[PDB]
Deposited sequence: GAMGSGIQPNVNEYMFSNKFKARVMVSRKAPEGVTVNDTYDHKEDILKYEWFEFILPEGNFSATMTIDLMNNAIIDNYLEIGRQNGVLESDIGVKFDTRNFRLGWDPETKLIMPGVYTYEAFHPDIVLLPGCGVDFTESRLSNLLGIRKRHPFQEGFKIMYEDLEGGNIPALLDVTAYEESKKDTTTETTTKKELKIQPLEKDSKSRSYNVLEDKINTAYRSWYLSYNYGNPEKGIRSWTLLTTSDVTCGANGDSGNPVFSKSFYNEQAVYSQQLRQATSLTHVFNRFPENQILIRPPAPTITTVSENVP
């Protein structure tokens, strides 16, 4: 009867420590622990942008009670709801985002994930408001492993290319938050459902079983991944 309506579940990072014996040296922390939680939003009829802001606020509210106090970093959040088309300013030769910033235009609500994380909309109605549905329907869980081909490309170090030409990716933000650039030095550890749906394998990736359909809310103004998503105009 009188239960909660705007709700979803997700798997986030809870702990980030060293091996049981290791002690801080002169990395950061190697052992990572993840756990499922149920996130509850305040009731009401919200738009997609307002729902996305509240969903991100629930993820960060979890990070502030169990995690920040257990060693996890802001660069390890691992679940974010966005609206951008990453890799928009992508260059085929340098394989980096040349403008140095992801295009700040709203295209379609999105799910950005880090390794070991995911979301589950089996008992939720927010997937429909976000226009992300199951193509053929029991169970709706989108994990990091299901988003093959949807890796977010790394941004160019524009401060560096303008020191001469040195093309290199940007490894940290203004406040020294890791952008999670990988060994290939072209891609980022973040994966997004929108990139895997449009740029992944059309008959084997996330598109084969999903369907695209029709300030406290900006705690990381410097981080290009955690920035507040743009609103549709």
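Enquirer: According to the record, which stretches of the deposited sequence lack C-alpha coordinates?
Expert: According to the deposited record, C-alpha coordinates are absent for 1 to 12, 39 to 41, 153 to 154, 182 to 194, 245 to 282, 302 to 310, which together make up the missing parts.
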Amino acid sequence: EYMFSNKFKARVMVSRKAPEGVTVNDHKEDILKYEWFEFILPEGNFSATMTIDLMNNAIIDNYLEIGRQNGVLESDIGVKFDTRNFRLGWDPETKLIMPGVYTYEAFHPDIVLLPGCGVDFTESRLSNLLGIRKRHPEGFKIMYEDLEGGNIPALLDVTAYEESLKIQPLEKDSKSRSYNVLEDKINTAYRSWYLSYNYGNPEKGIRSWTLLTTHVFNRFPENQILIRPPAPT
From here on, numbers count along this sequence of modelled residues.
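Enquirer: Tell me which stretch has the larger mean Cα B-factor in this entry, 46 to 54 or 177 to 185.
Expert: According to the PDB entry, the answer is 177 to 185.
Enquirer: Quick check on the record: does 198 to 206 or 59 to 67 carry the larger mean Cα temperature factor?
Expert: Stretch with the greater average CA B-factor: 198 to 206.
Enquirer: For the C-alpha B-factor as written in the entry, point me to the maximum among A160, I132, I152, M143.
Expert: Highest CA B-factor of the listed options: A160.
Enquirer: Sort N218, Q224, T23, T213 by C-alpha B-factor from the entry and give me just the highest.
Expert: In this record, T23 carries the highest C-alpha B-factor of the candidates.
Enquirer: Considering every modelled residue of the chain and its Cα B-factor in the PDB entry, is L73 in the lowest, middle or highest third?
Expert: Highest third.
Enquirer: Is the Cα B-factor recorded for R11 in the lowest, middle or highest third of its chain?
Expert: It falls in the middle third of the chain.
Enquirer: Can you tell me which third, lowest, middle or highest, the CA B-factor of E123 falls into for its chain?
Expert: As the PDB entry reports it, the C-alpha B-factor of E123 lands in the middle third of its chain.
Enquirer: Would you check the entry's CA temperature factor for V79 and let me know if it's in the chain's lowest, middle or highest third?
Expert: Answer is lowest: the recorded C-alpha B-factor places it there.
Enquirer: Within this chain's modelled residues, let me know which third the CA B factor of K95 belongs to: lowest, middle or highest.
Expert: For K95, whose C-alpha B-factor we compare with every modelled residue in the chain, the answer is the highest third.
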